[PDB]
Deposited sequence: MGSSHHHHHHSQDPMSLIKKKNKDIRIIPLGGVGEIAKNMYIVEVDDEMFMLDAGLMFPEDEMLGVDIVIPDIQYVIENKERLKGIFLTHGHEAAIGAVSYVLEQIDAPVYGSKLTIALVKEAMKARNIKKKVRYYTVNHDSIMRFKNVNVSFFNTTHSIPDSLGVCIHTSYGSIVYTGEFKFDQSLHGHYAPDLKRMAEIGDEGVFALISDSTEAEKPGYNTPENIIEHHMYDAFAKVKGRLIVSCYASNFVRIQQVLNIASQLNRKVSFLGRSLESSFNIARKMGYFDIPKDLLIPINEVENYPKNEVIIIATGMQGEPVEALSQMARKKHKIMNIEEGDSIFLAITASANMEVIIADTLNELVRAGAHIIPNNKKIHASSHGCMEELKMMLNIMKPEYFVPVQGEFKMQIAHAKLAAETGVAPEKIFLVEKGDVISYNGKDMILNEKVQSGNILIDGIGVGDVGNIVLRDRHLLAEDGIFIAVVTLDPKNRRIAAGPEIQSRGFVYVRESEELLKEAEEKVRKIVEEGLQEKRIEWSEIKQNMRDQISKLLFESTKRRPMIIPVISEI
């Protein structure tokens, strides 16, 4: 049908990192794109979520919740949303499997209407059709969202990248993206996390090969520090462990929720009886094991500080152990890294150097964001998922790719972008904020 009004409203993910949540309204129908949390600005063990009081005041029109990927930045606030509102949850195979976990983990029995979607799904509503396309990210079964209106598509990319080595459940949809482009994009909502970094990311194959060559020189025990969110990195050391006749052991007695669900669903490639439990590590010589230390915020680095300063509940460093920090150093956590480096050197461990000519990220750098802009060729553009400078960087790339400058909108949380059908205006503000927990 001919649509009249379009509204686009960020309640999270702008003027901050993480906590994606973008409200889109087409006439009398509202769609919530992602529902993320955020860890509180520079103490662990607590979470922040968006203020959905605007959604609650218009709860009769919320036709669903669409989840791009299974990161806490996309699904971390779903449970809390669902306490206050009943509405159907759309996501990929994995994304849904993990939302279910998050619910069971908070001992919530309330039944939820789930729909598993894929890149061939076309979910039909009264005014609009929602479709999807595959994106490349650090977690598999990531999707973009496309809301078909008569003014054209409203595309939300989620978090995404363009990597030439990832080709599985990480493969991008060059073709349906190119289709979305021609059909015509009204508005593109894209991830500005690394819009400041020029050029491209380092391909994951290259990062893996660099890790291998370094890990091949280690004559004693090896400990690798990951984010739990970065399934690609996890996967990579598993590959390497196999190729060096080593075995892998995660910190703790139980494997991490996300990883273990995805493993059980067959997302990872793990040769049989490669994982040794943390119980049975002393049994094998130093040179036959990689220990993987995962975490959420800075826990990965916090964990190494305990393992060196001997005070780790589970296992500690001994002299001769080699260490690898498989994370990028944001300025936030540049401090506690250097503190921890010292503590590791005191403990008498070899720090495997981080190659400075490598830039590793879940998110497209400048040229990767221009890749997505050149394929969608959007009329209007709205950079999200970043601080103010990050959104500005992305805005400039949009201009470069031929988007009209007057049609590029930088928005704080609660800003409302309306479309009468003639002009697009930012002539309203609504309720938004941070809700600690």
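- Absent C-alpha positions map to the deposited sequence ranges 1-19, 62-63, 459-571, in order along the chain.
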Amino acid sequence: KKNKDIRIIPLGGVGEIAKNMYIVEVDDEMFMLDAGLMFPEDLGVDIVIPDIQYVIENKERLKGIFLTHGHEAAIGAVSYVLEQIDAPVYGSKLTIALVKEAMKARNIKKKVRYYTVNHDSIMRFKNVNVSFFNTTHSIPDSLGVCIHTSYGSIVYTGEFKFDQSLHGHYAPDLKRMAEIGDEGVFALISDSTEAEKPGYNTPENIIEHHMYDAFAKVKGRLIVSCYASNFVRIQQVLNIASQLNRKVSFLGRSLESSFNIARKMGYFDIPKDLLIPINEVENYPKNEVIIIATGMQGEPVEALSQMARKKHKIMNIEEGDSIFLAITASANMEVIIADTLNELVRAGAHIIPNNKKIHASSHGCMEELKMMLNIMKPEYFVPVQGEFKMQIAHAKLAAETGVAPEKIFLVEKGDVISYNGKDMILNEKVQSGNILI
From here on, numbers count along this sequence of modelled residues.
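- Comparing 214-222 with 107-115, the stretch with the higher mean C-alpha B-factor in the PDB entry is 107-115.
- Of the two segments examined, 10-18 and 417-425, it is 417-425 that shows the higher average Cα temperature factor in the deposited entry.
- In this entry, the residue among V281, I292, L174, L188 with the greatest C-alpha B factor is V281.
- By the numbers in the PDB entry, the CA B factor is greatest at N287 among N201, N287, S229, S153.
- Ranked against the other modelled residues of its chain, the C-alpha B-factor of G386 as given in the entry falls in the lowest third.
- The deposited CA B-factor of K313 belongs to the highest third of values across its chain.
- Annotation for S257: CA B-factor lies in the highest third of the chain's modelled residues.
- The entry lists a Cα temperature factor for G402 that places it in the lowest third of the chain's modelled residues.
- For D273, the recorded CA B-factor ranks within the highest third of the chain. Only modelled residues enter the ranking.
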